[PDB]
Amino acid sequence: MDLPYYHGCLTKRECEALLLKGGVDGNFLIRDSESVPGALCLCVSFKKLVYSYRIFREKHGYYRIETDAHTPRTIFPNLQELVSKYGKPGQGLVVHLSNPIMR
């Protein structure tokens, strides 16, 4: 991958160091998941903590963000359209996506 806010070389602590000493809730980036290998994590700052949402790549190249058990399966044909959705308030996250931390 290719997008500016996707960091691939990036530990959890490193990302938390870059998200928290950012300032505003709404700081976000994408990184590789450490728990589910091959998955991604949308990470955003909110209330002095990072909130991570795993992203699964599926069969035909879809991106499937982890939704809870009472929320419809929500998939995106690419990654910028997933980030485009969560830039809008009240979409299911703890805070919407405001400030991209670039690599």
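For every residue, the number given is its place in the sequence shown, counted from 1.
The stretch 19-27 shows the higher mean C-alpha B-factor when 19-27 is compared against 89-97 in the entry. For the pair 7-15 and 80-88, the mean Cα B-factor is higher in 7-15. You'll see in the entry that, of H60, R73, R54, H70, the Cα B factor peaks at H60. Ranked by C-alpha B-factor against the other modelled residues of its chain, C43 falls in the lowest third. In the PDB entry, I65 places in the lowest third of its chain by CA B-factor.
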